[PDB]
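Top line first, the protein sequences correspond to chains X and B. Per the numbering used here, the very first residue in the first sequence carries number 2; after that it's consecutive. Per the numbering used here, the very first residue in the second sequence carries number 128; after that it's consecutive. Note that CB positions come from ideal geometry on N, CA and C, so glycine has one too.
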Amino acid sequence: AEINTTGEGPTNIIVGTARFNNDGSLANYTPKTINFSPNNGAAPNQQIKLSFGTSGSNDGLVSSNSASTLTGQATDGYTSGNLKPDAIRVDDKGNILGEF
Amino acid sequence: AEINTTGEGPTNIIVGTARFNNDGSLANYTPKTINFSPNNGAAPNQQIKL
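The structure is reproduced here in structure tokens:
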């Protein structure tokens, strides 16, 4: 897989920075986005946009005197699925359920 | 963590006073309140009142 455009420049690695404000609230962080090409036949140049919380808020990354630990993680996305005809079930109000 | 505004002035330390009346009943004590910022991402400038 590859990520960065050019010139740093091993292809794998991004080198950004991050700063926390005086009371541990985040100030800013860079890069906010990532080009990402899997290079395995998947559609190239997916554009992820990492999020680590709004400026000046506890919602994202937060520095503190206490020991550092990861918490939370979430993202968009699925895996391909297919319907199975043997199980269908109509319900009340007449919309037809399906169970992939 | 920090507490006092300015000018004494290590940030940590408050220097108040207290007086007791003639029979041991309290007379007065100062400061009656404390600004307090944890400085760990918690909401800054909590106002305690001792």
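Query	Result
For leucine 71 (chain X), count the other beta carbons within 10 Å of its own beta carbon; 16 or more makes it buried, fewer makes it exposed. Which is it?	exposed
Start and end of the beta strand (DSSP E) containing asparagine 29 (chain X)?	27-31
Are the C-beta of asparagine 167 (chain B) and some C-beta of chain X separated by less than 7 Å?	yes
Please identify the residue among X:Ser38, X:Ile4 and X:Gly61 whose C-alpha is closest to the C-alpha of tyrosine 30 (chain X).	X:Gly61
In the DSSP assignment, the beta strand (DSSP E) including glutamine 173 (chain B) goes from what residue to what residue?	173-175
In chain B, which residues lie with their C-beta within 8 Å of the C-beta of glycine 99 (chain X)?	Result: empty, since nearest Cβ-Cβ is about 45 Å, beyond 8 Å.
By the 10 Å Cβ neighbour count, where 16 or more other Cβ atoms means buried, how is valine 142 (chain B) classified, buried or exposed?	exposed
Return no unless some Cβ of chain B is closer than 7 Å to the Cβ of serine 56 (chain X).	no
Is the beta carbon of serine 38 (chain X) sitting closer than 7 Å to the one on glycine 168 (chain B)?	no
Would you mind sorting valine 91 (chain X) into buried or exposed? The rule is 16 or more other CB atoms within 10 Å of its CB.	exposed
Express the C-alpha separation of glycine 95 (chain X) and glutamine 173 (chain B) in angstroms, rounding to a whole number.	56 Å
Does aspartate 150 (chain B) pass the burial test, meaning 16 or more other C-beta atoms within 10 Å, or should it be called exposed?	exposed
Residues of chain X with a CB under 7 Å from the CB of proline 171 (chain B): which are they?	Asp24
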